[PDB]
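What follows is one chain in structure tokens, specifically the form solved without the named molecule.
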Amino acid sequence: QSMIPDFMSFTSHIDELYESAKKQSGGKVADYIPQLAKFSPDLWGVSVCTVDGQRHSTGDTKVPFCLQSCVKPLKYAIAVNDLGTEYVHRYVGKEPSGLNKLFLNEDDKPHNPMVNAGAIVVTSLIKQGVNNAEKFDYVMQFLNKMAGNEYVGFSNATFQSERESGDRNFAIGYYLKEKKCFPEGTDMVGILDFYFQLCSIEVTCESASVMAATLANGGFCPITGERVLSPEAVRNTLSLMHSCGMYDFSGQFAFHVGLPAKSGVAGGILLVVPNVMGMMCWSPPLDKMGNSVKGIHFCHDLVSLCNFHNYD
């Protein structure tokens, strides 16, 4: 409950950590598509939004960037919220996979919602029946509520490039169709289209931190008081972000940082400190694992300083 004693002083520490992370210039900006290669390796922003509704930003916190995989926890939350744990998990697993890297697990289901095959299946469960345009509007609405109506855009350029370039996602798409992993009567190619769109949704560190804070606040948006996601949805999302949100670094991350988080190839890291605050770190240069270098650094420092680790 009693988060941080003095928020203003906490703010001062965020800035120090931010400054320290700024010195980390390693990594490479994703470049499989021009829309990602465009970004400057020097962009670096950190936005905080407590359960209180208190805000604080430092760095490039108003420059829009694509959620990419950061959207995975979000659409999963939405699915559980509208369909419940039981139904959703008839189509997707609940744990980290081994590491080469099969699309399905022992039961012919994607290992979890945080890997592509999983996110693709989860995408096929949301608002079934209506057209893609409607489904897309539906999720945008949902993301707006989580962000307390702050910035939520869309990158058509990214969407177009992701589609006419995601051969691997199509491989996954057909494979899942082959294994009957989708709900009866699913238009697979149409689902991949919806999936590419969701990955192309844009946010800023500021609006994203509010989304994170909503998850940190048991499903209530810290700046509107509104209930956006069901308790069940939030807990599931957090559990999976804890164990599968940082790609191949998930294990190390859970051990050293101990916080629910989710990274994206755009350089973002959606971080959550349960009952305390939500955060969004962003910096285009990624490491071998695919996580934002400055972001990973900052997260370690934050936990070592404020003792935020799940088991402190």
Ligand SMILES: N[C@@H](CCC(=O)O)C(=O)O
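One-based numbering along the sequence shown.
Omitted here: the form deposited with the named molecule bound. The next part is about that form.
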{"item": "Result of superposing the named molecule in the entry with it bound onto shown chain, 2.4 Å backbone or C-beta criterion", "value": "open"}
{"item": "Joint contact, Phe142, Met211 and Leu215 to the named molecule in the entry with it bound, by non-hydrogen atom at 4.5 Å", "value": "no"}
{"item": "Contact segment among 37-45, 50-58, 263-271, 249-257, judged by heavy atoms lying within 4.5 Å of the named molecule in the entry with it bound", "value": "263-271"}
{"item": "Contact of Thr186 with the named molecule in the entry with it bound (heavy atom, 4.5 Å)", "value": "no"}
{"item": "Contact label in the entry with it bound: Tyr195 to the named molecule, heavy atom within 4.5 Å", "value": "yes"}
{"item": "4.5 Å heavy atom contact, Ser230 to the named molecule in the entry with it bound", "value": "no"}
{"item": "Partner proximity in the entry with it bound: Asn116 to the named molecule, non-hydrogen atom cutoff 4.5 Å", "value": "yes"}
{"item": "Selected contact from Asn169, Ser155, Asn81, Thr224, since only one has a non-hydrogen atom within 4.5 angstroms of the named molecule in the entry with it bound", "value": "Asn169"}
{"item": "Within 4.5 Å of the named molecule in the entry with it bound: residues from 136-166 (heavy atom criterion)", "value": "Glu162"}
